[PDB]
Number of protein chains: 2
Amino acid sequence: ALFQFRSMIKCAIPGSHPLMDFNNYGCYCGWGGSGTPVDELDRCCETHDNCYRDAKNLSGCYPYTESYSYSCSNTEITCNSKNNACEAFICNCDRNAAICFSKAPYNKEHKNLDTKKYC
Amino acid sequence: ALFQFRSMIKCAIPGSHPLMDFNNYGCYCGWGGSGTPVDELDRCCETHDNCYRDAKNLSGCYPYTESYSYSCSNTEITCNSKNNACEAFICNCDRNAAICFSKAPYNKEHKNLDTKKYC
Ligand SMILES: CCCCCCCCCCCC(=O)N[C@H](CCCC)COP(=O)(O)OCCO
Ligand SMILES: CCCCCCCCCCCC(=O)N[C@H](CCCC)COP(=O)(O)OCCO
Ligand SMILES: [Ca+2]
Ligand SMILES: [Ca+2]
Ligand SMILES: [Ca+2]
C-alpha cells in the first residue's frame, strides 16, 4: 500500500524524506506522469508507474491500497514470499523503485519541475 | 494471512509453538470445526472461525490469504489503522483470538481430541 512504500524508501535510503525528496520530481515522480523522463530518477519513477499499471491486470488488484508483508534487515528490503499474487507483484514494484532511487543521481533542477512546459 | 496469524500468537504468547500447540486442539482449533467446544480455549477457536466466516460478506475478502499490516509492541498487538476494510476486519479476528488464547487455560488432554466421538 502507499503507506508501506514510504517506509520502504526509508529502509533503502535511511536519511531520506520521501515525500519531500521524491514527490513532485521530474515528469513522472508523484501522482500521474507524462512525456519523456527528464533523467535517471524520473525513469525510476516512470517504471514504477508502469509497474503499477501492469498490476491493474490482476483481478481486484489495487496498488495504492493493497497492503503486503515486507521486511527491512537494514537497507535491504525483503518481500514476504508468502504474499498473495497481487500483494507480491505490488511489493516488487515498490522494492524495485526503492533500490532504483537509491542508486540514481539527484538533480535539484528537476525538483518541482514545470511539467506543463518540460514534460 | 495465516502466516501472519502464527506470528501474532507468538507475540501475545512468547514461548508458544502455535502450530504444534493449538492446531488439532478441541473441536474447533484447526481447519474446520464442529459440535460444542470442549473448553475455554476451544471457545476462543470457534469464535475465530466465525469471525472469518463473517469476513466472507465483504467483497473479495479471503481470510486465509489476505495479508494485512500489523505490529507487535512487546506482547501488545496493534492492527494498523491504515489497513483497508478487508485487511482491518481480518486483523481484528486474529488479534482477538491471540488475546483470547493468552487468557485461557490449556488442557493438554484436549490436544488431539477424538473429534469423531467428542464433537
Ligand atoms: C505516497 C507516498 C509514498 C512515497 C512517494 C514518494 C515518491 C513517489 C514517486 C514514485 C513514482 C510514482 O509517482 N509512483 C506512483 C505512486 C505515488 C503516488 C504519489 C504510481 O502511481 P501513479 O498514479 O502516478 O501511477 C499509476 C498509474 O500507472
Ligand atoms: C495455520 C496458521 C498457523 C496455525 C495457528 C494454529 C491454529 C489456531 C486455530 C485458531 C482457530 C481457527 O481454527 N482459525 C481458523 C484458521 C487457522 C487454522 C487453519 C479459521 O479457519 P477455519 O477454516 O477453521 O474456519 C473458517 C470459517 O468458518
Ligand atoms: Ca507517477
Ligand atoms: Ca493485503
Ligand atoms: Ca477452526
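Following Swiss-Prot, chain A shows residues 23-83, 89-146, kept in their order.
Technique stated in the header: X-ray crystallography, 2.4 Å.
Cβ atoms are placed via backbone N, Cα and C, with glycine included.
Swiss-Prot marks one residue of A:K78, A:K109, A:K130 as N6-palmitoyl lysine, namely A:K78. Record check, Swiss-Prot: Ca(2+) site residues include A:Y50, A:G52, A:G54, and the candidate from A:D43, A:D61, A:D71 also listed there is A:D71.
The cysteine that Swiss-Prot pairs with A:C66 in a disulfide, picked from A:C127, A:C146, is A:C127. The disulfide entry in Swiss-Prot for A:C118 points, among A:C106, A:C113, A:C120, to A:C106. Looking at A:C51, A:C113, A:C120, the record from Swiss-Prot puts A:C83 in a disulfide bond with A:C113. Swiss-Prot names the disulfide partner of A:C33 among A:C67, A:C73, A:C99 as A:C99. Recorded disulfide link (Swiss-Prot): A:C51 to A:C67, out of the candidates A:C67, A:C73. Here A:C106 (disulfide bond) comes close to A:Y95, A:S96, A:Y97, A:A115, A:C118, A:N119, A:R122: these same-chain residues lie at least six apart in sequence, with C-beta atoms under 8 angstroms from its C-beta. Between A:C146 (disulfide bond) and A:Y50 (Ca(2+) binding site), the C-alpha separation comes to 9 Å. Closeness to ligand 4 is met by none of the recorded positions A:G52, A:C73, A:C118, no Cβ falling under 6 Å from the molecule. Note: the Cα of A:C66 (disulfide bond) and the Cα of A:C51 (disulfide bond) are spaced 8 Å from each other.
When the disulfide-bonded residues A:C49, A:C66, A:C67, A:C99 are compared by the number of other C-beta atoms lying within 10 angstroms of their own C-beta, A:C99 comes out lowest. Reported as a whole number, the C-alpha separation between A:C99 (disulfide bond) and A:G52 (Ca(2+) binding site) equals 24 Å.
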